[PDB]
Amino acid sequence: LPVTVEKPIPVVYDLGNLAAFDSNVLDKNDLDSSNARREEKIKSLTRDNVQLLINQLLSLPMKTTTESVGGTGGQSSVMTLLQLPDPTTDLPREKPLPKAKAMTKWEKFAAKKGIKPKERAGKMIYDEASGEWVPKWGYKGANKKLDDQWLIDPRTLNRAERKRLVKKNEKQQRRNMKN
Amino acid sequence: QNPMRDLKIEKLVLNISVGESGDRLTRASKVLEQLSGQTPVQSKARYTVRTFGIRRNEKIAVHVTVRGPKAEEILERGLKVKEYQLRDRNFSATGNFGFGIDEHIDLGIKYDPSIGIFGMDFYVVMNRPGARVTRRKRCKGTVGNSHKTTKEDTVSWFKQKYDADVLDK
Amino acid sequence: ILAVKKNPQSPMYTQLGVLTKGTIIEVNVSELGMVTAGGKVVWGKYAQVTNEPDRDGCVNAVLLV
Amino acid sequence: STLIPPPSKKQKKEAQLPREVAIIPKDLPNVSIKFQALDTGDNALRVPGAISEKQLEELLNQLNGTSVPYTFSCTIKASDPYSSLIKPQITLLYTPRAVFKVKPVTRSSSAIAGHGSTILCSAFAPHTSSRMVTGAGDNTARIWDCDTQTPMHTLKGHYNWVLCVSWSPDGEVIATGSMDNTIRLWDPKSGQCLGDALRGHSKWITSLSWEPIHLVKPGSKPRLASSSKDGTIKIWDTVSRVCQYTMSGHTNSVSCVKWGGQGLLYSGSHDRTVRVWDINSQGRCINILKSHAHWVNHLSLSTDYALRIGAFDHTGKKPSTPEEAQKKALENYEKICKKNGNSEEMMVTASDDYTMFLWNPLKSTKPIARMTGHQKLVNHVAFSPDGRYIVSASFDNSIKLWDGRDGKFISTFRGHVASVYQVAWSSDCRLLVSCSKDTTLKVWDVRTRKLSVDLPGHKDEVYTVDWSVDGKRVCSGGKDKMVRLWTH
Amino acid sequence: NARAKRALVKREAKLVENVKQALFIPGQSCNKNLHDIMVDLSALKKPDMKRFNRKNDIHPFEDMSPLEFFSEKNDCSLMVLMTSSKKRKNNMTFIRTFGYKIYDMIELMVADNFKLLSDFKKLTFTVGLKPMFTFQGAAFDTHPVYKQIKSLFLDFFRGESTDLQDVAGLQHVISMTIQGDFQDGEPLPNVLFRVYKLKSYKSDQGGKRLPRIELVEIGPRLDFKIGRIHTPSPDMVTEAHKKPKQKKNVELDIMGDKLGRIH
Amino acid sequence: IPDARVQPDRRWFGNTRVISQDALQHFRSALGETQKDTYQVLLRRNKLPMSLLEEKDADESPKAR
Amino acid sequence: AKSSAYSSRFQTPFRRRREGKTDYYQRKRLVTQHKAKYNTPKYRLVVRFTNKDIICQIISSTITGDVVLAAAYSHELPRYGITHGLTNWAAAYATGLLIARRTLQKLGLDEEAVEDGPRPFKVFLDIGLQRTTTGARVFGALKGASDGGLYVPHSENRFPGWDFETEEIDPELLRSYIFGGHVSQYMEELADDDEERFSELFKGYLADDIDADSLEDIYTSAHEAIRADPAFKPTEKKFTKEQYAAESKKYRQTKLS
RNA sequence: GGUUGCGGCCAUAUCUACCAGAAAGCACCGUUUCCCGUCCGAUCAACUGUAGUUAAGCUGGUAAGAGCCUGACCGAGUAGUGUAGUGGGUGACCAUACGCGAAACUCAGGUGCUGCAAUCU
RNA sequence: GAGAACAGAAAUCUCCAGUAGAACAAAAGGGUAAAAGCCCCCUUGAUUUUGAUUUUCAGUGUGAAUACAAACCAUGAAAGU
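Residue positions are given from 1 per chain in written sequence order; they need not agree with the entry numbering, and residues without coordinates are hidden. Each chain gets a letter, beginning with A, and each ligand a number, beginning with 1, in the order they are written. Any value quoted here refers to the chains shown, not to the larger assembly they are part of. Side-chain metrics rest on all non-hydrogen atoms present in the structure, leaving aside hydrogens and water.

Under the annotation held in the PDB entry, chain E carries the name Ribosome biogenesis protein RPF2 and is attributed to Saccharomyces cerevisiae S288C. Its UniProt record gives chain E a comment under Function, which states: "Required for biogenesis of the 60S ribosomal subunit." One UniProt comment on chain E, placed under Subcellular location, says "Nucleus, Nucleolus". UniProt positions are given in the numbering used here, feature names are shortened, and annotations may be inferred rather than shown by experiment.

Per the PDB entry, chain C goes by Ribosome biogenesis protein NSA2 and derives from Saccharomyces cerevisiae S288C.

See the structure below:
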């Protein structure tokens, strides 16, 4: 029934990973495999550490919500969730930060010339002939008009020019990560 | 001794294969619908074949699967064409069997002048009760050796049921 | 008024935020008490300006519900 | 979606420190505690040992020699019941709270598609909570198997909308007042109408009330009071189907009528005046209450919830004999009436004057208190079942909570974003539920004066809400045409 | 098909990195009991694990390339190697990769007194659950090998990092203690890994708020004899702790107003 | 003279700003708790639905119509 | 016969996949994946149908196996007045109601997370391998568990009477299915259609003298009995475990030297 | 010890062929009005547990069967590789000691254990 | 492999074995295999709002691109994706 258990050296906490690091004095003669009171000793010691950890942890700030059960991706109104801090202990990352993506020559052009990047209004543009909104590109895009428009074949000429401009765009981009 | 089991018929399947894909296929679907009393299902070309100009996903053949008393009745009509004789090599190593005929009228259709002389294939599958253990979704299993239907078993079943006119076993 | 979303004439006017006929503006609908499924309450919503405020004085918009 | 501001760098630096550690009380401090009751008044000088909350309750059960719990706050030092360390000599006010605990309602079970048009009223049966009637604008009522959440019987018979329902407070008959100027009694078991309609008022029915079962002589069935826009309230003998005698005098429409447990009726009206009757003196208007300054919308009695369920309780345990039923109803009614020291019950009423008055018409004819604060008209009022609390549903989006004894203001429940229509208490006097012109139901924790769960799910505005007497289901209905049942 | 495009994205570097998957590799010398510890410890890790099921001729201190290849092909960073010999009995070599090159070896041999899951009793418990750690012994803060093993086991078993925690899920503690305090020059006490399940009983000292908690041993009683160690190059360690990098007199006031103090 | 058209888009009939109920209690409680120091200055105001937040209290109600 | 390497080169599926019993991809989704990094334990109401029985049992997925927290079977329903028709839809509803009220009782929510207090029980329907058809008895057990107060998420779609061309349920057909309306109607127009077919198919009802219109009554009283007393009663041990083993051991084949 | 539901490990569990299975359970099995789905009530869905059957599934047992597994000091701290010296030879290369450090062969054993719940002569 | 008018070695139908002699954009480790393959059903997206990176001369507050997040949105019985 005691819960306020203490020990001479204080315990540091990393509540972000739910860890408590003890730094008190341990004796070899209490822990080695000669001692058959080994497991009880270790269980008691780690019980004490867990007891302090939970004492700090339940005494955290904690948030509770008013959202119904059938909400979206969160906690329900009934359950009060402890709000954990960031992990104090510093641990090695898995991969280097993704900063390795470079900067291209179009961007230098757009920074020298007073270029402002376009707004993303959308794929659809007004086809003034047919009174519809036709997308610029993609599925029946407004650039695949001459392919089946009813007026050597000029249609194939457009298709070849357009396809080789696509080839050019890829050709230019694949030289940008050599920069 | 056999606990009431027998070579019961699961289903016979009626194929109408065509070297082409035109209105003849719709005619064949119509005749199969009229015969079996069910809407048939067209079969898409497996792979292109230039001998008859087969092109993939084109509809070559129609077929219908029929079961139960209707299957018994239509197979009974069919062997009347055979006059209850059929050559032995029809009988599978798995107990199954089938046969073919070049016509529709003899097994019970009027000429119907649009429906000309068109062909048809029977094939009948037979397995003892308990065949579900292969088909059921959960706890799928394989039918045991003493349960599997064999060529000789279908031979005996054909003998005792319809007639004894296998040709050259 | 909370923002100007789209002036149909040109994006330069939207950047300038001019209110003319047909401009899509975002309005503070918190008075209207619209609540979306999931319990969040809607306090910002689009509206198209249906008049010419230069020659009416006021800006009259209809809500895009 | 706009968000809480993120914690700053120092916020995160301080959130990692060993922090907010519960004071883990040391055994030394001990200070005196004096005991006085909030329910009626003061009761000795004591020095408890910084003890936990439960053995304050055991201290009272020992003091009066019963070994019902208590609350142990005051000064509403932190007004909290370490349970008496710094949270509350200690001036310890107490009062009897409740026997059981109702679990807050959180999940829309599902929507049921019975009614063909907008739901206008709904009541839970008093004996159980597997039954429910909702009247709608499709001219019909429906009985809902609200444990299976499925319709039992369609109750047809009105030529126009059904505007008000009431389950007989012995759990025996369902009445449906209508836009036909006629009310009908129904068989709750069969779905068949109890004979002919009760042809009555000249305008639409607005309200229904039955005799409290503690007043009916054993062996006879309770009467029913029905009000209407014609300004007259009728009282019908439910077994002989006769208007036993009408009751008129309101210049304008009558918004509501309650049949109290003192034999006095009360009837709010759009003529800015609620008038008390006396059923014993052949319905003579014994008094007039006139302080309101525009249309009087609603009425609630300190005993009203008990009047509604008098022969039953939250257990739903059936009454052994009708004499035992009447005895149980009588001991229920006095449980929340004599608790002040005398059989003195109160009545609050809400008008479009944007205000509420507290009345005690058994002795006074002028208001107990001024209940102002709302910025638009107050649409609904209902006391807590114990009669210690009052809440007002007001247009202006808000709900306010008042002291049920002197009308003092306590708090406000904000969170609705359209006009609040109705409010239903939980039978343990701890929880509210409200329905709004927005789509949402909400429940409120009265102890902490805060929202508990928001309950969206209705496509459209919600007109009705009810809390069953065992606290396990609630219901809603509105323009959405579909009954929602909600549960824990 | 652009299912692959999602896979490359899930693998490639992120500002807030995913949970670190663990790979449990059995070497040529994987005896049955080592496969038992591997099953138990990997269970303690799952759902973020992969178990390879063939013998692998990998010697992690002579040719470190195959581990890098497996850390590439399986996105897993953490790895484990099953080895045993007359020199190193019941050995688990715990790998760590940064980028995909090696960040850490370590060589922990299991003493013969280990116990499995199946040697104990079990209560209600949920798989894939965030464990809480205790690290006894002062050497964890200071000594280089013990700092390495502490970071090793935290990074191995911390699972997914979160800021809001459900009190229901606090169901088991991982306890790791050093065999005893020691000085420099004495040989590196082996570390004791134990897993304990939590049980909370009411205790009216602090009130209803904080219960009294007592433990029940479930699972891998292990003792870890420390062996050879691969320490990361100081440039890699100082570049592996880069913050993602996402003001004076300016404070985000409550209610979200940028406020400047004027001085 | 431009071709001032506004395309049929789904974006214009959707909600743009919603506020959580919990955020409503948070800001509603924070509004009272704020204090202003004379040396703090407002660099930039949060865009908030104050109509749902600036609900004061009142001891008297409006006089009836 | 198969080549020696072909058996060696082959890698064997999982044991509960060789026998077609677990869909452990769905089991992976149900047990391992979470919608929220909030470490909430997740329970799993599993419903299974045998040829004769129905098994409803909530299961916590644990590090060394699955642990059953509560369980309820169809063959217990004779205790509650349903002595026959133990597999049908109404029986699935009754079993779901039973397991719901049983776990609600034994969990303390009828008749250690100190932070809040009481808390509703959310479980997830694990159906396993039977197809998700609207009308399926597994969703009957779903409806029963939900109506019993077990707070399992679901949707209108797969309950019977939900219409594809319409967009909503039809609660009348549903209420028929909770109370065996479909079986009552079948036995009515069967005794009206063919006497021999009715007699051979419903001779339990004829022997018990249960009438078609009494199915409503038996299912209502069954629900009331279930709600009054859901506590599990272990049946009885005619013979101890040792005795069963002794009788079972003597029809064994035993391994040889 | 049978058996079922959900599992852990995922061949000691697989495939190949025979035999056996009391009770319960599983299962095949009987019927299409309803929910439901197919070309086909075969699968899927429902209904009866009723007309039947342990024949099959499933479980066991047996096998000079094919695989698969375990331990070993079984090779062996060897082959191999890493570190010093008038160690050397025309050279490929190999002594001498010292840290890591195999596999085949060999002997012996094996051919499913196990967690939670329910039920059984 | 054994079968079925045309009908062959390659047309379609049937059973048995398949254990990937299937297509996982494929390096290449694993076989993901009641799928990541095939068919069917439903259905968008360059959505919205805020903060780190960019540019002044409209930075009007993300005005605009951009990073990230959150609200949604699609689907599913659901876990979830």
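Here the narrative resumes, following the displayed structure.
Things to note about the nonpolar core
By size, the foremost hydrophobic cluster in this structure holds 54 residues, and its most contacted members are G:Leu45, G:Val47, G:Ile58, G:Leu77, G:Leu125, G:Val138 and G:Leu150. Think of it this way: any DSSP run of H or I at least four residues long counts as a helix, any run of E at least two long counts as a strand, and we number them from the N terminus. Looking at this core, the element that brings in the most residues is helix α4 (residues 89–106) of chain G, giving eleven residues. Leaving out residues up to four positions away in the same chain, G:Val138 has contacts with G:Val47, G:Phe49, G:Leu125, G:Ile127 and G:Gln130. The next biggest cluster of nonpolar side chains, apart from the first, holds 47 residues, and it includes A:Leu26, E:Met38, E:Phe193 and E:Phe224. Definition used in this section: a nonpolar core is a set of buried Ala, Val, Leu, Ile, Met, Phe, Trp, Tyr and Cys residues joined via side-chain atoms within 4.5 Å. A simple rule labels every residue: compare its accessible area, found with a 1.4 Å probe on the protein chains alone, to the largest value its type can have, and call it buried under 20%, exposed over 50%, or partly exposed in between. Here, two residues are considered to be in contact whenever any of their heavy atoms come within 4.5 Å of each other.

Structural notes on the protein's contact with RNA strand H
Around RNA strand H, 105 residues are found, and the nearest of them are B:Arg5, E:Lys87, G:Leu201, G:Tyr244 and G:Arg252. We call a residue near a molecule or strand as soon as one heavy atom of that residue lies within 4 Å of the molecule or strand. When the atoms of RNA strand H within 4 Å of the protein are sorted by group, sugar and phosphate make up 69%. Contact distances for RNA strand H include 2.9 Å between a base nitrogen and a side-chain N or O atom of E:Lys86. Throughout this description, a polar contact denotes any pair of N or O atoms lying within 3.5 Å of each other; where both atoms belong to protein, one of them has to be capable of donating a hydrogen while the other can accept it, and for residues adjacent in sequence the pair is counted only when both atoms sit in side chains. At 3.5 Å, a side-chain N or O of G:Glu189 approaches a sugar or linking oxygen of RNA strand H. Ranked by residues supplied to the surface near RNA strand H, first place goes to helix α11 (residues 241–249) of chain G with seven residues. Under the scheme applied, nonpolar residues are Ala, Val, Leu, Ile, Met, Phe, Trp, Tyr, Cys and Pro; charged residues are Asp, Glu, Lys and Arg; polar residues are all the others, including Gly. Here the residues of the surface near RNA strand H sort into 31 nonpolar, 35 polar and 39 charged.

Things to note about the protein's contact with RNA strand I
Residues in close proximity to RNA strand I total 103 residues, the closest being B:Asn15, E:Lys73, F:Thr16, F:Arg44 and G:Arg9. A breakdown of the atoms of RNA strand I within 4 Å of the protein gives sugar and phosphate a share of 64%. One nitrogen or oxygen atom from the main chain of A:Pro117 is found 3.4 Å from a sugar or linking oxygen belonging to RNA strand I. Here a sugar or linking oxygen of RNA strand I and a backbone polar atom of B:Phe99 are 2.9 Å apart. Taken together, the residues of the surface near RNA strand I sort by class into 36 nonpolar, 31 polar and 36 charged.

Observations regarding the sheet that holds strand β22 (residues 347–351) of chain D
Residue and element names in this part refer to chain D. Strands pair, by our definition, only if DSSP identifies at least two bridges between them. Spatial ordering of the open sheet is given by β21-β22-β23-β24, a layout of four strands whose pairing is antiparallel. Since the sheet does not close on itself, it has two edges, and those belong to β21 (296–301) and β24 (369–371), each with one partner. In this sheet, neighbouring strand axes are inclined to one another by 20° on average, regardless of whether the strands run parallel or antiparallel. Angles here are taken between N-to-C directions and fall from 0 to 180 degrees, while the axes themselves are lines fitted to C-alpha atoms, restricted in helices to the stretch in contact.

Concerning a positive patch on the surface
Residues with no salt bridge and a relative accessible area higher than 30% make up the patches, which join like charges within 9 Å and nonpolar side chains (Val, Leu, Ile, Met, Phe, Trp, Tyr) within 5 Å. Using a 1.4 Å probe, accessible areas were evaluated by the Shrake-Rupley method; residue-level cover was limited to the displayed protein chains. The term salt bridge refers to a pairing of a side-chain nitrogen on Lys or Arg with a carboxyl oxygen on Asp or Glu at a separation within 4 Å. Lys and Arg are tallied as positive, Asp and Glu as negative. Neither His nor the chain termini are counted. In plain terms, the charge of a residue is placed at NZ if it is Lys, CZ if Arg, CG if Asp and CD if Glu. A contiguous patch of positive charge on the surface is contributed by A:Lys105, A:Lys108, A:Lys171 and A:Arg175. The topology assignment puts A:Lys108 in helix α3 (residues 105–112).

Re the environment of D:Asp145
Turning to its location among the elements, D:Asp145 is positioned in strand β7 (residues 141–145). Here the alpha-carbon distance between D:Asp145 and D:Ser130, two residues 15 residues apart in the chain, equals 5.5 Å. Apart from residues lying up to four places away in sequence, D:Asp145 is in contact with D:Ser130, D:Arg131, D:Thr150, D:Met152, G:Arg175 and G:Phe179.

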